[PDB]
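Visitor: I'd like to ask some things about the structure below.
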Amino acid sequence: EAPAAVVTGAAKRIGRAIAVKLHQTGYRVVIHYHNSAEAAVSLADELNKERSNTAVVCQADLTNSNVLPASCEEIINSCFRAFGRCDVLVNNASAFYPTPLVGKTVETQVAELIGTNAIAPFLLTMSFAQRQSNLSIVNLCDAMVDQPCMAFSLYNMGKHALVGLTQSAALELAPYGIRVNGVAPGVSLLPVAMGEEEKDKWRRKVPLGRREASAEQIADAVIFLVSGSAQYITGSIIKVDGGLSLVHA
Amino acid sequence: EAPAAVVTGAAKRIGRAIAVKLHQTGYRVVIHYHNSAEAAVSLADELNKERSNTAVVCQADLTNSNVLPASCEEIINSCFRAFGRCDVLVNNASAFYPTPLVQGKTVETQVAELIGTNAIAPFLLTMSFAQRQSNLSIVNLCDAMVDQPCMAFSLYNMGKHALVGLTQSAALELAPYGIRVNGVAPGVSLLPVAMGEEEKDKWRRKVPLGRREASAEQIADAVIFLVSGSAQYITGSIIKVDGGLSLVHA
Amino acid sequence: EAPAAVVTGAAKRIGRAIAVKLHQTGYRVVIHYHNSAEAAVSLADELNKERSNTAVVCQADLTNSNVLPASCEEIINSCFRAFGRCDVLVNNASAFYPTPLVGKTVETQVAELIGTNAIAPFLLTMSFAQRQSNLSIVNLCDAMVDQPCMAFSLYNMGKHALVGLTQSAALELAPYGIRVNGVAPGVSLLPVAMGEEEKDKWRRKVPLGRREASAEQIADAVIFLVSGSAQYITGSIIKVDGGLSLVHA
Amino acid sequence: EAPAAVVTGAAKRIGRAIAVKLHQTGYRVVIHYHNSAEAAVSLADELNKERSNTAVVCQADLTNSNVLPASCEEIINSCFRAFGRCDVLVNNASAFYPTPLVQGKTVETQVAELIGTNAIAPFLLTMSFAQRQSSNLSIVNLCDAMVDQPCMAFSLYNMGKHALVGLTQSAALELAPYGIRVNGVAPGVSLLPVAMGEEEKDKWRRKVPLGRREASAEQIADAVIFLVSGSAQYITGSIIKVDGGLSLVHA
Ligand SMILES: NC(=O)c1ccc[n+]([C@@H]2O[C@H](COP(=O)([O-])OP(=O)(O)OC[C@H]3O[C@@H](n4cnc5c(N)ncnc54)[C@H](OP(=O)(O)O)[C@@H]3O)[C@@H](O)[C@H]2O)c1
Ligand SMILES: NC(=O)c1ccc[n+]([C@@H]2O[C@H](COP(=O)([O-])OP(=O)(O)OC[C@H]3O[C@@H](n4cnc5c(N)ncnc54)[C@H](OP(=O)(O)O)[C@@H]3O)[C@@H](O)[C@H]2O)c1
Ligand SMILES: NC(=O)c1ccc[n+]([C@@H]2O[C@H](COP(=O)([O-])OP(=O)(O)OC[C@H]3O[C@@H](n4cnc5c(N)ncnc54)[C@H](OP(=O)(O)O)[C@@H]3O)[C@@H](O)[C@H]2O)c1
Ligand SMILES: NC(=O)c1ccc[n+]([C@@H]2O[C@H](COP(=O)([O-])OP(=O)(O)OC[C@H]3O[C@@H](n4cnc5c(N)ncnc54)[C@H](OP(=O)(O)O)[C@@H]3O)[C@@H](O)[C@H]2O)c1
Ligand SMILES: Nc1nc(NC2CCCCC2)c2c(-c3ccc(F)cc3)c[nH]c2n1
Ligand SMILES: Nc1nc(NC2CCCCC2)c2c(-c3ccc(F)cc3)c[nH]c2n1
Ligand SMILES: Nc1nc(NC2CCCCC2)c2c(-c3ccc(F)cc3)c[nH]c2n1
Ligand SMILES: Nc1nc(NC2CCCCC2)c2c(-c3ccc(F)cc3)c[nH]c2n1
């Protein structure tokens, strides 16, 4: 039988590209989404047209709260419900916006940025492990975590936390044969919305090709880490950044 | 006149050594605490006996919740209320206990305590500290073993990682306001009194420098340096004080 | 045309697996060796048996000296002369032995350890860049670089310098389309001079499976990095260590 | 009696600032130098004017070669010769210049100077320091806060500084049982070259979050002094950035 993967924030962009690739590799997929319901259903339709009964959606808010654990347990349950097994968890969903030190309340900023980037990945990881072949987890990290954007402190703390989870969980889950790794984009898939001037300025920063990563290039590193070619790899985070993190100010 | 400092978790152990040293250097101090009310009150008394009205206490749970932003703002407000200024913030308070990924606190409470105390409260205190504003600085108590974590301590470790991120992000963001932000990262310091000596010696044996743990005072020494005029160009730096422990392979 | 690769220290062990696996993937290979002449030549025979005119040998000492630049230049030249092109360089050759701070002279130890692990990599990189598709370099690093073996200061210095090179060369060669990455093993192929209690000691520290990596698992990561699935990856070092680097003392 | 320190490359700039501050704190100093003879002798002169028989100069090339081990042994021997003891070693001397991968110094010579001064000489001086030994023995290596965002075409320089990080770590671990601490100070930008144009200096200064200015020599020396002092007795294997936040800035 075919393996199954949960991908969070899989309706659009990088998450969708990862889902599409996992599916092309032979995986059945849970497409988790929060607000992008239409895109998610559309993607599941498209994947099931390709191989019937190989994709479902699963809606969940991944903001921190007292029910987040139940919500993460339900995401993993939903993969067992639809496919009888859960082989891969990809923690991709992420809030991202500035939170300067000097609309939203601070308690809400905390709950969204730390919840999505750190606490949900930990809770999904617990639920993944508890419900348990080549088992692994891939956390979408950030290659720029040690050269942070101005006024992104909560976002940065969450991606830092996610590094620590990758390491702690690689360590603790190894005795169960579950590998835990990360993929760290630099800049990838610019908002088609974003001004051409700013897009170009980001592109000019990148040593390798003066362009952003495609979503597919990020997906490719995910595919490697979950593959049989990465069986001895745990606790490793792979930058997919074209050298961006290496460039001095 | 004399500068002022807030030290969180300042009633006992490393926080207390930090407050005392800062006090000895001429600072007035806010001794924050949570449960150790007797220790905090006797510490303030000892210090005020030494110099009049140079120490006050401030109780607050730093678990993450909807009220944490107000509690943190009140901590900084207590410094201005007591002393008319707030020059230094030392984020030392920390919940520490295992949270296994696989098997009576609920996990959402463990999350709130471990990520609140170690990361979120630091961020909120930093916000209030900066908002309320010379040698201004913040020192965050980190952990030298953060990239070789203890088994079954994922939330604690996540909290300490997040705190490294905060140190960096805040150093960058507050640099234009002349606030430096640095870290001190102990390895093993002041082992629990309750821990058998024979258990303490298994930690001691791992330390290359002297086969022993750090004193509370040695940790405080790094804090005093970071807050001094000898460190005026230092920001975003995390100084390990671990006697080589983090260098030792398994 | 089939692409071509140079693997240093390729007669035995991990270099051999890398050569074999590159060859299996379609590459023509230069098998560099220092003292293992008989194994290099039988490896070449075996690969040419499989596909004719796809493997040659090149002997060189990679110790640091006044002639090291010309040696490295001639290694790269072997590949151009045999195969008309050089697409991949793998810097795998490495001296490794204790050099206590408190037999060989210390200057010899410096030359061997720093030469094999860093300066030869640097010169080979220069020669490779200068002679110039999917071009890349893969440096064999060490996952335990920040928790070094006692009394191994020069080896560790050399491996640190190799991280340095990986990073600097990634930045500098990105404009030419040359990627530069690293693979950092933990423990792999324990020596035979090693006792049973000693090997068991190492194996027991490895979280993922309580075992060393196979040479093939290390090679899997090299193949990935040189592949089209790593087109956006430069300056990245992938640990392949079963989580050994994460284990506190 | 007064402790003694060796400072490599101490005739001017950061090394002089370090030697000056150790001396003021009470140390006897070996001022090592390579080309700057006049500057070194003149510094020793001042320091001796301040306290008699507390400074000496010591000439050595720290380019890698087969005699470098003897040269490093002689540097340390010179401390014992003049002062009867050697408590502190500061590895400050450093060659710095580009070595582009793609294209009148030969590459041999580039490898020798950059890797010699930044790494191999520090290793050999550390060996000789430990070998020649209530004390406070330590080593401070001058590292580089930008070691993971290297300058274009500085590969040999960067390799050398990376190797120095490794030495700092390896030596801390190995020399701990002897009571010898080993730490690093990692400047960002400090003391801009003399002839650099106002335009270029401005561009560097504007990159620094804390104050938009390079570090003073004294600022770097402050961190060295901290690490050698009794306030750092449990500190080993640590590298303190003194960079005004520079290393945290993305491009
Ligand atoms: N793009 C880059 O340049 C870049 C750079 C560095 C790191 N990364 C990392 O790579 C991953 C993917 O990047 P991206 O640009 O594709 O991400 P994104 O578009 O910013 O976010 C992906 C998805 O996250 C989900 N999400 C946001 N808040 C959520 C909440 N409270 N609960 C549940 N789901 C939530 C959203 O789902 P709905 O749309 O369904 O609401 C969104 O579509 C992220 O982890 C990101 O941090 C990306
Ligand atoms: N000790 C070590 O070996 C070591 C190693 C690595 C890092 N560190 C770091 O150095 C710092 C000091 O270490 P330590 O061993 O002195 O710390 P600790 O004794 O474990 O805890 C410090 C104080 O934190 C306060 N605290 C705990 N939970 C709290 C909560 N929910 N709300 C508010 N305050 C709370 C407590 O106050 P009350 O007692 O008033 O309740 C406690 O006395 C910590 O940040 C620690 O993580 C220490
Ligand atoms: N094995 C591990 O657990 C481990 C762990 C960390 C890192 N690594 C790294 O992964 C790579 C492969 O490891 P390995 O154990 O397969 O390596 P290895 O057997 O120790 O050495 C590989 C080859 O290096 C060559 N070599 C040594 N000194 C040389 C010199 N002076 N000139 C030219 N060549 C020289 C030798 O070639 P000849 O046989 O032809 O003389 C040897 O076969 C190395 O870069 C190593 O540092 C390995
Ligand atoms: N300046 C900065 O912004 C900065 C930034 C990062 C790191 N650092 C580090 O901080 C330290 C001091 O920096 P700096 O700018 O003061 O250093 P520097 O002026 O570039 O060099 C200091 C001394 O090193 C000696 N030196 C050079 N080549 C030598 C050789 N072959 N043999 C022996 N000595 C040699 C020279 O001595 P003579 O003059 O006697 O010949 C020179 O005066 C260095 O280790 C440097 O890498 C500095
Ligand atoms: N979850 C998440 N999303 C990101 N970008 C998303 C782009 C679409 C709208 C939501 C934000 C980034 C970026 C990002 C990189 C370059 C850029 F020009 C803009 C944003 C860095 N980390 C990130 N994490
Ligand atoms: N907030 C906090 N507290 C810690 N230890 C405290 C010791 C007294 C009882 C509460 C725990 C550690 C330790 C710690 C190190 C060695 C040891 F044997 C036990 C605990 C590592 N980080 C820490 N953070
Ligand atoms: N070039 C090279 N060779 C290595 N091992 C080789 C083993 C065969 C004999 C030559 C040395 C190591 C090791 C190595 C790891 C675990 C172990 F138990 C023994 C040696 C770490 N880096 C290394 N680099
Ligand atoms: N030994 C050494 N020297 C350095 N600078 C010196 C400036 C005076 C003349 C020799 C070079 C640097 C610098 C340096 C920083 C900024 C700048 F604008 C120029 C050089 C970085 N590491 C270094 N190591």
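Chain labels follow the order of the structure tokens: the first chain is A, the next B, and so on; residue numbering restarts at 1 in every chain, and ligands are counted from 1 in their shown order.
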So that I can check the surroundings of residue 29 (chain A), please list as an MDAnalysis selection string every protein, DNA and RNA residue that reaches within 12 Å of it, counting only C-alpha atoms and ignoring chain neighbours fewer than 2 positions away.
Guide: chainID A and resid 2:8 10:11 15:16 18:27 31:32 40 43:45 47:48 51:58 75:76 78:90
Visitor: Would you mind exporting the chosen residues as a short mmCIF file (atom, residue, chain, number, x, y, z; two decimals), in the first residue's frame, restricted to C-alpha atoms?
Guide:
```cif
data_model
loop_
_atom_site.label_atom_id
_atom_site.label_comp_id
_atom_site.auth_asym_id
_atom_site.auth_seq_id
_atom_site.Cartn_x
_atom_site.Cartn_y
_atom_site.Cartn_z
CA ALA A 2 1.03 3.64 -0.55
CA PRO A 3 2.40 5.80 2.29
CA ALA A 4 0.59 8.90 3.56
CA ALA A 5 1.77 12.39 4.34
CA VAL A 6 0.29 15.29 6.23
CA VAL A 7 1.32 18.72 4.89
CA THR A 8 0.19 21.80 6.82
CA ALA A 10 -0.81 22.95 1.81
CA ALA A 11 -3.55 24.78 -0.13
CA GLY A 15 3.00 23.76 0.94
CA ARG A 16 0.97 22.98 -2.22
CA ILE A 18 5.28 19.94 -1.46
CA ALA A 19 1.94 18.12 -1.46
CA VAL A 20 1.97 17.91 -5.30
CA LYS A 21 5.49 16.46 -5.24
CA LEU A 22 4.82 13.97 -2.45
CA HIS A 23 1.73 12.82 -4.34
CA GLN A 24 3.70 12.47 -7.61
CA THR A 25 6.15 10.33 -5.63
CA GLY A 26 3.40 7.89 -4.67
CA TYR A 27 2.08 9.39 -1.42
CA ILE A 31 -3.91 18.81 2.56
CA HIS A 32 -4.29 20.86 5.73
CA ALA A 40 -7.43 23.19 -0.89
CA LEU A 43 -6.07 20.68 -5.12
CA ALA A 44 -7.60 17.55 -3.56
CA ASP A 45 -9.93 17.26 -6.60
CA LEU A 47 -4.92 14.97 -7.08
CA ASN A 48 -7.81 12.48 -6.76
CA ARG A 51 -5.33 8.78 -8.51
CA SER A 52 -8.77 8.29 -6.93
CA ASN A 53 -8.90 8.35 -3.11
CA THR A 54 -5.34 9.67 -2.59
CA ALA A 55 -6.02 13.16 -1.20
CA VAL A 56 -8.21 14.74 1.52
CA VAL A 57 -8.45 18.19 3.05
CA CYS A 58 -8.36 19.02 6.76
CA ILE A 75 -5.01 16.51 11.99
CA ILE A 76 -3.00 13.29 12.56
CA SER A 78 -7.57 12.57 9.96
CA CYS A 79 -4.65 11.01 8.14
CA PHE A 80 -5.33 7.67 9.84
CA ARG A 81 -9.05 8.09 9.20
CA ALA A 82 -8.55 8.52 5.48
CA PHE A 83 -5.56 6.24 4.79
CA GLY A 84 -4.99 3.88 7.71
CA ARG A 85 -1.49 5.19 8.35
CA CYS A 86 0.66 8.32 8.71
CA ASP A 87 4.26 8.13 7.38
CA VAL A 88 5.28 11.73 6.82
CA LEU A 89 4.50 15.00 8.62
CA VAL A 90 5.59 18.22 6.95
#
```
Visitor: Determine, using only C-alpha atoms, which residues of chain C have any atom at most 10 Å from an atom of chain A, and tabulate each with its shortest atom pair and distance in Å to one decimal place, rows ordered by chain and then rising number, as JSON lines.
Guide:
```
{"residue": "C:167", "atom": "CA", "partner": "A:246", "partner_atom": "CA", "distance": 6.9}
{"residue": "C:168", "atom": "CA", "partner": "A:246", "partner_atom": "CA", "distance": 8.1}
{"residue": "C:170", "atom": "CA", "partner": "A:243", "partner_atom": "CA", "distance": 6.7}
{"residue": "C:171", "atom": "CA", "partner": "A:243", "partner_atom": "CA", "distance": 6.2}
{"residue": "C:172", "atom": "CA", "partner": "A:207", "partner_atom": "CA", "distance": 8.3}
{"residue": "C:173", "atom": "CA", "partner": "A:208", "partner_atom": "CA", "distance": 8.6}
{"residue": "C:174", "atom": "CA", "partner": "A:208", "partner_atom": "CA", "distance": 4.8}
{"residue": "C:175", "atom": "CA", "partner": "A:208", "partner_atom": "CA", "distance": 6.4}
{"residue": "C:176", "atom": "CA", "partner": "A:208", "partner_atom": "CA", "distance": 8.6}
{"residue": "C:177", "atom": "CA", "partner": "A:208", "partner_atom": "CA", "distance": 6.8}
{"residue": "C:178", "atom": "CA", "partner": "A:208", "partner_atom": "CA", "distance": 8.5}
{"residue": "C:179", "atom": "CA", "partner": "A:208", "partner_atom": "CA", "distance": 8.0}
{"residue": "C:180", "atom": "CA", "partner": "A:243", "partner_atom": "CA", "distance": 9.5}
{"residue": "C:185", "atom": "CA", "partner": "A:233", "partner_atom": "CA", "distance": 9.6}
{"residue": "C:206", "atom": "CA", "partner": "A:174", "partner_atom": "CA", "distance": 9.1}
{"residue": "C:207", "atom": "CA", "partner": "A:174", "partner_atom": "CA", "distance": 5.5}
{"residue": "C:208", "atom": "CA", "partner": "A:174", "partner_atom": "CA", "distance": 4.7}
{"residue": "C:209", "atom": "CA", "partner": "A:175", "partner_atom": "CA", "distance": 6.8}
{"residue": "C:210", "atom": "CA", "partner": "A:175", "partner_atom": "CA", "distance": 8.7}
{"residue": "C:211", "atom": "CA", "partner": "A:232", "partner_atom": "CA", "distance": 9.6}
{"residue": "C:212", "atom": "CA", "partner": "A:232", "partner_atom": "CA", "distance": 8.9}
{"residue": "C:213", "atom": "CA", "partner": "A:232", "partner_atom": "CA", "distance": 6.6}
{"residue": "C:214", "atom": "CA", "partner": "A:232", "partner_atom": "CA", "distance": 8.9}
{"residue": "C:216", "atom": "CA", "partner": "A:229", "partner_atom": "CA", "distance": 9.2}
{"residue": "C:217", "atom": "CA", "partner": "A:232", "partner_atom": "CA", "distance": 6.7}
{"residue": "C:218", "atom": "CA", "partner": "A:232", "partner_atom": "CA", "distance": 8.5}
{"residue": "C:219", "atom": "CA", "partner": "A:229", "partner_atom": "CA", "distance": 9.2}
{"residue": "C:220", "atom": "CA", "partner": "A:229", "partner_atom": "CA", "distance": 5.6}
{"residue": "C:221", "atom": "CA", "partner": "A:230", "partner_atom": "CA", "distance": 7.2}
{"residue": "C:223", "atom": "CA", "partner": "A:229", "partner_atom": "CA", "distance": 9.3}
{"residue": "C:224", "atom": "CA", "partner": "A:224", "partner_atom": "CA", "distance": 7.5}
{"residue": "C:225", "atom": "CA", "partner": "A:221", "partner_atom": "CA", "distance": 9.7}
{"residue": "C:228", "atom": "CA", "partner": "A:220", "partner_atom": "CA", "distance": 9.3}
{"residue": "C:229", "atom": "CA", "partner": "A:220", "partner_atom": "CA", "distance": 5.6}
{"residue": "C:230", "atom": "CA", "partner": "A:221", "partner_atom": "CA", "distance": 7.2}
{"residue": "C:231", "atom": "CA", "partner": "A:217", "partner_atom": "CA", "distance": 7.4}
{"residue": "C:232", "atom": "CA", "partner": "A:242", "partner_atom": "CA", "distance": 5.1}
{"residue": "C:233", "atom": "CA", "partner": "A:240", "partner_atom": "CA", "distance": 4.9}
{"residue": "C:234", "atom": "CA", "partner": "A:242", "partner_atom": "CA", "distance": 5.4}
{"residue": "C:235", "atom": "CA", "partner": "A:243", "partner_atom": "CA", "distance": 5.9}
{"residue": "C:236", "atom": "CA", "partner": "A:239", "partner_atom": "CA", "distance": 5.8}
{"residue": "C:237", "atom": "CA", "partner": "A:238", "partner_atom": "CA", "distance": 7.4}
{"residue": "C:238", "atom": "CA", "partner": "A:238", "partner_atom": "CA", "distance": 6.3}
{"residue": "C:239", "atom": "CA", "partner": "A:236", "partner_atom": "CA", "distance": 5.8}
{"residue": "C:240", "atom": "CA", "partner": "A:233", "partner_atom": "CA", "distance": 4.8}
{"residue": "C:241", "atom": "CA", "partner": "A:233", "partner_atom": "CA", "distance": 6.2}
{"residue": "C:242", "atom": "CA", "partner": "A:232", "partner_atom": "CA", "distance": 5.0}
{"residue": "C:243", "atom": "CA", "partner": "A:234", "partner_atom": "CA", "distance": 5.4}
{"residue": "C:244", "atom": "CA", "partner": "A:171", "partner_atom": "CA", "distance": 8.6}
{"residue": "C:245", "atom": "CA", "partner": "A:235", "partner_atom": "CA", "distance": 8.7}
{"residue": "C:246", "atom": "CA", "partner": "A:171", "partner_atom": "CA", "distance": 6.8}
{"residue": "C:247", "atom": "CA", "partner": "A:171", "partner_atom": "CA", "distance": 7.5}
```
Visitor: Can you write out the residues you just picked, keeping N, CA and C atoms, as a compact mmCIF listing (two decimals), in the first residue's frame?
Guide:
```txt
# COMPACT_ATOMS: atom_id res chain seq x y z
N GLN C 167 31.81 27.80 2.41
CA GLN C 167 31.04 28.98 2.47
C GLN C 167 31.58 30.05 1.56
N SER C 168 32.87 30.38 1.67
CA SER C 168 33.48 31.41 0.85
C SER C 168 33.40 31.08 -0.64
N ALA C 170 31.23 29.00 -2.07
CA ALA C 170 29.82 29.09 -2.49
C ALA C 170 29.50 30.51 -2.93
N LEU C 171 29.86 31.48 -2.10
CA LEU C 171 29.61 32.88 -2.43
C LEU C 171 30.35 33.30 -3.71
N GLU C 172 31.62 32.93 -3.82
CA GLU C 172 32.50 33.48 -4.86
C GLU C 172 32.26 32.85 -6.20
N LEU C 173 31.98 31.56 -6.19
CA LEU C 173 31.70 30.84 -7.44
C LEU C 173 30.23 30.81 -7.88
N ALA C 174 29.31 31.35 -7.09
CA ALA C 174 27.90 31.38 -7.51
C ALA C 174 27.68 32.10 -8.85
N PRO C 175 28.43 33.17 -9.13
CA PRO C 175 28.24 33.86 -10.41
C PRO C 175 28.59 33.01 -11.64
N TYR C 176 29.42 31.98 -11.45
CA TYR C 176 29.74 31.07 -12.50
C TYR C 176 28.87 29.84 -12.53
N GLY C 177 27.81 29.79 -11.74
CA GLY C 177 26.94 28.60 -11.74
C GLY C 177 27.55 27.42 -11.01
N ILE C 178 28.66 27.62 -10.30
CA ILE C 178 29.24 26.54 -9.50
C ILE C 178 28.72 26.55 -8.06
N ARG C 179 28.02 25.47 -7.70
CA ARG C 179 27.56 25.30 -6.35
C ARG C 179 28.65 24.65 -5.53
N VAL C 180 28.67 25.00 -4.24
CA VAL C 180 29.64 24.45 -3.32
C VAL C 180 28.95 24.06 -2.04
N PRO C 185 29.63 13.56 7.80
CA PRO C 185 29.38 12.34 8.49
C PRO C 185 29.61 12.45 9.99
N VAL C 206 25.05 6.59 18.99
CA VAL C 206 24.28 7.04 17.83
C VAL C 206 22.76 6.89 18.03
N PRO C 207 22.03 8.02 18.07
CA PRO C 207 20.60 7.84 18.38
C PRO C 207 19.84 6.99 17.35
N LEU C 208 20.09 7.21 16.05
CA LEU C 208 19.32 6.53 15.03
C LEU C 208 19.91 5.16 14.71
N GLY C 209 19.44 4.16 15.46
CA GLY C 209 19.78 2.75 15.19
C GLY C 209 21.00 2.20 15.89
N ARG C 210 21.66 3.00 16.70
CA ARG C 210 22.81 2.53 17.44
C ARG C 210 23.88 1.90 16.52
N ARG C 211 24.14 2.56 15.40
CA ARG C 211 25.05 2.01 14.39
C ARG C 211 25.67 3.17 13.59
N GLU C 212 26.86 2.91 13.08
CA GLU C 212 27.54 3.75 12.12
C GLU C 212 26.80 3.80 10.78
N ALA C 213 27.07 4.84 10.01
CA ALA C 213 26.58 4.94 8.64
C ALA C 213 27.35 3.98 7.73
N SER C 214 26.67 3.45 6.72
CA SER C 214 27.34 2.75 5.63
C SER C 214 27.99 3.82 4.74
N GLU C 216 27.78 3.90 1.63
CA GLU C 216 26.69 4.21 0.72
C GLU C 216 25.73 5.30 1.24
N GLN C 217 25.35 5.28 2.52
CA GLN C 217 24.50 6.35 3.05
C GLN C 217 25.16 7.75 2.92
N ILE C 218 26.47 7.82 3.11
CA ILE C 218 27.20 9.08 2.96
C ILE C 218 27.17 9.46 1.48
N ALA C 219 27.42 8.48 0.63
CA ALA C 219 27.40 8.76 -0.79
C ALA C 219 26.04 9.22 -1.29
N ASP C 220 24.96 8.69 -0.72
CA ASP C 220 23.59 9.13 -1.12
C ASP C 220 23.42 10.66 -1.05
N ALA C 221 24.05 11.27 -0.05
CA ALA C 221 23.91 12.69 0.20
C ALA C 221 24.73 13.52 -0.79
N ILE C 223 25.41 12.43 -3.93
CA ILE C 223 24.57 12.31 -5.15
C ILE C 223 23.43 13.32 -5.21
N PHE C 224 22.77 13.50 -4.06
CA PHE C 224 21.70 14.47 -3.97
C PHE C 224 22.24 15.88 -4.26
N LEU C 225 23.32 16.24 -3.59
CA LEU C 225 23.86 17.59 -3.72
C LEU C 225 24.33 17.90 -5.15
N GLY C 228 20.27 17.46 -10.05
CA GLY C 228 19.38 18.56 -10.46
C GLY C 228 18.33 18.92 -9.40
N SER C 229 18.10 18.05 -8.44
CA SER C 229 17.21 18.32 -7.31
C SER C 229 17.81 19.22 -6.21
N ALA C 230 19.08 19.60 -6.37
CA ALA C 230 19.78 20.50 -5.46
C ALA C 230 20.24 21.76 -6.20
N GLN C 231 19.56 22.11 -7.29
CA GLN C 231 19.99 23.27 -8.14
C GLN C 231 20.07 24.63 -7.47
N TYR C 232 19.33 24.78 -6.37
CA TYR C 232 19.26 26.03 -5.64
C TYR C 232 20.10 25.97 -4.37
N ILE C 233 20.72 24.85 -4.10
CA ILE C 233 21.46 24.68 -2.87
C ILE C 233 22.91 25.01 -3.08
N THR C 234 23.37 26.07 -2.41
CA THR C 234 24.80 26.30 -2.31
C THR C 234 25.15 26.77 -0.91
N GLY C 235 26.35 26.41 -0.47
CA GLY C 235 26.89 26.75 0.85
C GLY C 235 26.22 25.98 1.99
N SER C 236 25.56 24.86 1.66
CA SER C 236 24.90 24.06 2.64
C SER C 236 25.74 22.86 3.01
N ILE C 237 25.76 22.50 4.29
CA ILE C 237 26.46 21.31 4.79
C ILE C 237 25.45 20.36 5.45
N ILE C 238 25.26 19.18 4.86
CA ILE C 238 24.25 18.25 5.31
C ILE C 238 24.91 17.29 6.24
N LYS C 239 24.52 17.27 7.52
CA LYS C 239 24.97 16.17 8.40
C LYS C 239 24.29 14.88 7.99
N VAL C 240 25.06 13.80 7.99
CA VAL C 240 24.55 12.47 7.79
C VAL C 240 25.14 11.67 8.96
N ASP C 241 24.55 11.83 10.12
CA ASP C 241 25.15 11.43 11.38
C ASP C 241 24.27 10.65 12.37
N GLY C 242 23.05 10.30 11.95
CA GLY C 242 22.11 9.55 12.78
C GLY C 242 21.85 10.23 14.11
N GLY C 243 22.04 11.56 14.13
CA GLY C 243 21.81 12.38 15.31
C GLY C 243 22.94 12.41 16.35
N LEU C 244 24.10 11.87 16.00
CA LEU C 244 25.23 11.85 16.93
C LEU C 244 25.67 13.23 17.45
N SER C 245 25.62 14.25 16.58
CA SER C 245 26.03 15.55 16.99
C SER C 245 25.09 16.17 18.01
N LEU C 246 23.86 15.65 18.17
CA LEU C 246 22.93 16.28 19.08
C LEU C 246 23.07 15.78 20.52
N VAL C 247 23.91 14.76 20.75
CA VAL C 247 23.93 13.99 22.02
C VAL C 247 24.86 14.67 23.02
```
Visitor: Near chain C, which residues of chain D fall within 9 Å when you count only C-alpha atoms, and what do they look like as an NGL selection string?
Guide: :D and (64-69 or 100-103 or 107-109 or 111 or 119-120 or 123-124 or 126-128 or 130-131 or 147-156 or 158-167 or 169-171 or 173-175)
Visitor: When the cut-off is 7 Å and you count only C-alpha atoms and all ligand atoms, which residues lie near ligand 3, shown as a compact mmCIF listing (two decimals) with C-alpha atoms, in the first residue's frame?
Guide:
```txt
# COMPACT_ATOMS: atom_id res chain seq x y z
CA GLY C 9 40.86 9.61 -1.83
CA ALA C 10 38.57 7.36 -3.86
CA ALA C 11 40.32 4.00 -3.67
CA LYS C 12 38.67 2.85 -0.46
CA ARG C 13 35.87 3.31 2.02
CA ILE C 14 33.67 6.41 1.63
CA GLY C 15 35.53 7.87 -1.41
CA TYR C 33 44.56 8.00 -4.49
CA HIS C 34 47.70 8.44 -2.39
CA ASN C 35 49.02 5.01 -1.22
CA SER C 36 46.17 2.61 -2.19
CA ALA C 37 47.36 1.96 -5.77
CA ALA C 60 48.96 12.45 -5.66
CA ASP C 61 50.15 13.31 -2.15
CA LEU C 62 47.91 16.12 -0.87
CA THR C 63 50.12 17.09 2.05
CA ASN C 91 37.09 16.66 -1.72
CA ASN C 92 37.06 13.46 0.38
CA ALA C 93 40.78 12.78 0.98
CA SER C 94 41.75 13.37 4.56
CA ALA C 95 44.54 12.63 7.01
CA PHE C 96 43.26 11.89 10.51
CA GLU C 112 49.40 16.59 6.31
CA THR C 116 44.55 17.22 3.06
CA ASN C 117 41.55 18.66 4.85
CA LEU C 140 33.51 16.00 3.09
CA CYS C 141 33.22 17.75 6.41
CA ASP C 142 32.59 16.40 9.96
CA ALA C 143 29.42 16.55 11.98
CA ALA C 184 29.28 15.94 7.27
CA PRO C 185 29.38 12.34 8.49
CA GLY C 186 29.30 11.38 12.19
CA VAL C 187 30.64 7.92 12.44
CA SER C 188 30.97 5.67 9.37
CA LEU C 189 32.88 2.40 8.64
CA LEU C 190 34.67 1.87 11.90
```
